[PDB]
Amino acid sequence: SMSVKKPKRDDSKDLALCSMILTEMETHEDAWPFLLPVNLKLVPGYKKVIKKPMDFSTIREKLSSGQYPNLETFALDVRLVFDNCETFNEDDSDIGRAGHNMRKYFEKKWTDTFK
């Protein structure tokens, strides 16, 4: 509350560390469904169904231009990529499986780096 603060967690490396996690996600062999925005002209149903599209290239641009206020807003956009994928793709599809694999990969790096 006013003039009463918990001790200061060092957040000065968060930007660099989220960049490293994102590089590791970008270079994973199963990243290909997630590298670029879904083409809304060429994929029927996507525009109407997926209210907030997100992809790794869009996160990389937001990261590089100071559009994440903190490391939690960064994790929210990564998770959004996988939540969108589960909404649109069957679990038993190449893209569906890719999404589960990447979410697992992300969540481990996240815990090991920050928790």
# chains A, B, ... in the order shown; residues from 1 in each chain; ligands from 1
$ select_by_dssp --residues "chain A" --states "alpha helix (DSSP H)" --output "VMD selection string"
chain A and resid 14 to 27 46 to 49 56 to 64 71 to 88 94 to 114
$ residues_around --residues "segment 96-105 of chain A" --least-positions-apart "3" --cutoff "10 Å" --atoms "only C-alpha atoms" --output "list in words"
residues 21, 24, 25, 28, 29, 30, 31, 32, 33, 34, 78, 79, 81, 82, 83, 84, 85, 86, 87, 88, 89, 90, 91, 92, 93, 108, 109 and 110 of chain A
$ atom_distance --atom1 "atom CA of residue 6 of chain A" --atom2 "atom CA of residue 115 of chain A"
17.4 Å
$ atom_distance --atom1 "atom CA of residue 12 of chain A" --atom2 "atom CA of residue 114 of chain A"
12.5 Å
$ atom_distance --atom1 "atom CA of residue 70 of chain A" --atom2 "atom CA of residue 10 of chain A"
12.1 Å
$ closest_residue --among "A:94, A:7, A:112, A:22" --to "residue 75 of chain A" --atoms "only C-alpha atoms"
A:22
$ residues_around --residues "segment 41-58 of chain A" --least-positions-apart "2" --cutoff "7 Å" --atoms "only C-alpha atoms" --output "ChimeraX atom specification"
/A:26,34-37,39,60-62,77,80-81,84
$ write_last_selection --atoms "N, CA and C atoms" --output "PDB file, in the first residue's frame"
ATOM      1  N   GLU A  26      11.481 -19.690 -32.065  1.00  0.00           N
ATOM      2  CA  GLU A  26      11.616 -19.422 -33.505  1.00  0.00           C
ATOM      3  C   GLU A  26      12.409 -20.519 -34.268  1.00  0.00           C
ATOM      4  N   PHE A  34       3.588 -21.182 -36.825  1.00  0.00           N
ATOM      5  CA  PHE A  34       3.516 -20.033 -35.871  1.00  0.00           C
ATOM      6  C   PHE A  34       4.452 -18.880 -36.236  1.00  0.00           C
ATOM      7  N   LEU A  35       5.253 -19.002 -37.282  1.00  0.00           N
ATOM      8  CA  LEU A  35       6.335 -18.041 -37.617  1.00  0.00           C
ATOM      9  C   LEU A  35       5.773 -16.699 -38.138  1.00  0.00           C
ATOM     10  N   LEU A  36       4.629 -16.779 -38.820  1.00  0.00           N
ATOM     11  CA  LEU A  36       4.019 -15.645 -39.521  1.00  0.00           C
ATOM     12  C   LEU A  36       2.579 -15.582 -39.247  1.00  0.00           C
ATOM     13  N   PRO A  37       1.954 -14.393 -39.381  1.00  0.00           N
ATOM     14  CA  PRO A  37       0.508 -14.324 -39.197  1.00  0.00           C
ATOM     15  C   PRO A  37      -0.277 -15.219 -40.198  1.00  0.00           C
ATOM     16  N   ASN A  39      -2.841 -16.160 -42.873  1.00  0.00           N
ATOM     17  CA  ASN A  39      -3.301 -15.273 -43.981  1.00  0.00           C
ATOM     18  C   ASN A  39      -4.873 -15.244 -43.962  1.00  0.00           C
ATOM     19  N   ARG A  60       7.790 -10.835 -31.864  1.00  0.00           N
ATOM     20  CA  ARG A  60       9.180 -10.329 -32.008  1.00  0.00           C
ATOM     21  C   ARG A  60       9.165  -8.809 -32.284  1.00  0.00           C
ATOM     22  N   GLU A  61       8.261  -8.355 -33.110  1.00  0.00           N
ATOM     23  CA  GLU A  61       8.167  -6.916 -33.397  1.00  0.00           C
ATOM     24  C   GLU A  61       7.688  -6.091 -32.143  1.00  0.00           C
ATOM     25  N   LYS A  62       6.699  -6.609 -31.388  1.00  0.00           N
ATOM     26  CA  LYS A  62       6.212  -5.987 -30.186  1.00  0.00           C
ATOM     27  C   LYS A  62       7.373  -5.909 -29.132  1.00  0.00           C
ATOM     28  N   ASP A  77       0.823 -13.236 -24.699  1.00  0.00           N
ATOM     29  CA  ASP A  77       0.856 -13.338 -26.168  1.00  0.00           C
ATOM     30  C   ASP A  77       1.416 -14.658 -26.668  1.00  0.00           C
ATOM     31  N   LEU A  80      -1.388 -17.104 -26.121  1.00  0.00           N
ATOM     32  CA  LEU A  80      -2.412 -16.784 -27.102  1.00  0.00           C
ATOM     33  C   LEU A  80      -2.183 -17.507 -28.409  1.00  0.00           C
ATOM     34  N   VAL A  81      -0.917 -17.610 -28.842  1.00  0.00           N
ATOM     35  CA  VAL A  81      -0.560 -18.316 -30.072  1.00  0.00           C
ATOM     36  C   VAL A  81      -1.043 -19.793 -29.943  1.00  0.00           C
ATOM     37  N   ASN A  84      -5.054 -20.047 -29.598  1.00  0.00           N
ATOM     38  CA  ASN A  84      -5.629 -19.938 -30.987  1.00  0.00           C
ATOM     39  C   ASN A  84      -5.489 -21.206 -31.783  1.00  0.00           C
TER      40      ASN A  84
END
$ closest_residue --among "A:8, A:27, A:95, A:17" --to "residue 74 of chain A" --atoms "only C-alpha atoms"
A:17
